[PDB]
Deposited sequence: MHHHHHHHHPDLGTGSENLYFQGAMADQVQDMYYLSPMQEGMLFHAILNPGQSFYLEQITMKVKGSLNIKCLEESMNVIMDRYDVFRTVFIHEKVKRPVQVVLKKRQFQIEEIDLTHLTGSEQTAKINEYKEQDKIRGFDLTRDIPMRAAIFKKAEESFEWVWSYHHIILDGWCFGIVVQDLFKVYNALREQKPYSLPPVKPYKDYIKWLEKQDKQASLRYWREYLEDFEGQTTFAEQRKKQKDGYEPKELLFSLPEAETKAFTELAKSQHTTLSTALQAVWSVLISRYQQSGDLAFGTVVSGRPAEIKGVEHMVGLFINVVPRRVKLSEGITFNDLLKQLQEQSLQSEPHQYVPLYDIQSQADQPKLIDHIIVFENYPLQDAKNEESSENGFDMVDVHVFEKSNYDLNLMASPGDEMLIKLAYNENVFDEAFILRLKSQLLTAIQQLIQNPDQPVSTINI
């Protein structure tokens, strides 16, 4: 037998597997990393390093079985070989190389992953010229989220940049994903469901930006508006977050709360937020690799006279009480309120968003969007904010207005953190 271990699926993994089988070929839970490499690259060592990553991270040797079993199980294999699929585009013009790679990217989203047999990650390198390559990296979220993929990337390049130069290396020990499954099986699932039920008690629901939503036929027109926060306000926004003993993510959620409070004309609002899902009870959970992040509902209550520091407190405290219950899938939370549309937009703060070797220019991450509006923020000397929206629902003019309103609200809130947020002008 080629089986190394066998354990159950996390609640998120089970719903992910359930929807993946029911909707094949719809790019569900698929992430496609596309990048152009301008430089020299040892293909054989990249293949060798990938197989080190293969045997270092058990999530890549994992398959899922749902048939003829009372409850789905994940099977990790003792050994599996990864082929990096090299494609020669030297004998082709530029346009044929572009279409050949674009044909791969479109077909790759449709093929997806047979989670019962395939490796939940596939790679393709297109040699378009000498020292000119294009990488199409794909993986399934059932085994890997965005943050943990960066850990795999650094481990791959550490092994790559060493093997080629013959110099040896050592890699930090990894904690098996089974330890997270073990922690889950020890939690009271009903106690976590009750937390979200109480947390969302008497919430009526809301269609965010209702009068700005265009009422057309369903369908997604992906568009983006990217902008930065100047270093001065970024340093002050971080200092205010450090002063109030809260995170930079919570600080942005509070600014967004004030903005939507004006559009909805209400003090009871909800939006999606991505939580780490990494329980601090497990030691070394920071170095584990697997599926941890989750979108959970965030309910913000804005009473009369509430200040930004008061809002910063309400949010940071709820972030702590929710930590033992961040494993609950959003479907289970929404069913415990008969509100299939409890949230319709999310805020994401990626602290490490997606030298030795070559040059990596033009990175693009493809991910199917489940919401008509997504506020994405990344750290840095000047905070980078992205507004990814569906053009069939929202116009660019409104997204541009939200940019100006978000920038002026950030400034007004860092300078008057103890003034009632109702006094903020947007």
Open item on the list: In sequence order, which parts of the deposited sequence are missing C-alpha coordinates?
Closed with: 1-26, 381-389
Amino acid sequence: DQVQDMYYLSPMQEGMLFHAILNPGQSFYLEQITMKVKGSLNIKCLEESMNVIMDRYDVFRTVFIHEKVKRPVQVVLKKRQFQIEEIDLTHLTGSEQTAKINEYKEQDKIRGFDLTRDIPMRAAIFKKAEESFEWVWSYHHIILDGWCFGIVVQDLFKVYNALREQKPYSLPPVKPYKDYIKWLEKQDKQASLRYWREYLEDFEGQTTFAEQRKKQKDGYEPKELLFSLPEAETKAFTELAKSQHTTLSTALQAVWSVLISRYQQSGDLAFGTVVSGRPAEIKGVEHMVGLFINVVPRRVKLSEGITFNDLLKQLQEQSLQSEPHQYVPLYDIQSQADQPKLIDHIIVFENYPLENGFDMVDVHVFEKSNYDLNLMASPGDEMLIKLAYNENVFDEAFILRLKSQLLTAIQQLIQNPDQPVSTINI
From here on, numbers count along this sequence of modelled residues.
Task: Of 369-377 and 34-42, the stretch whose C-alpha atoms average the higher B-factor in the entry - done: 34-42
Open item on the list: I need to verify one thing: averaged over C-alpha atoms only, is the B-factor higher for 85-93 or for 329-337?
Closed with: 85-93
Task: Largest Cα B-factor, entry values, listed residues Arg111, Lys127, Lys105, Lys242 - done: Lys127
Open item on the list: In terms of recorded Cα temperature factor, pick the maximum from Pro120, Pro230, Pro279, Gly272.
Closed with: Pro230
Task: Record-listed C-alpha B factor of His345: chain third - done: lowest
Task: CA B-factor ranking of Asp58, expressed as a third of its chain - done: lowest
TODO: Would you mind checking where the Cα B-factor of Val421 ranks among the modelled residues of its chain, as the lowest, middle or highest third?
DONE: lowest
Open item on the list: Ranking every modelled residue in this chain by its Cα temperature factor as given in the entry, which third contains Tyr29?
Closed with: lowest
Task: Ranked C-alpha temperature factor of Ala388 among modelled chain residues, by third - done: lowest
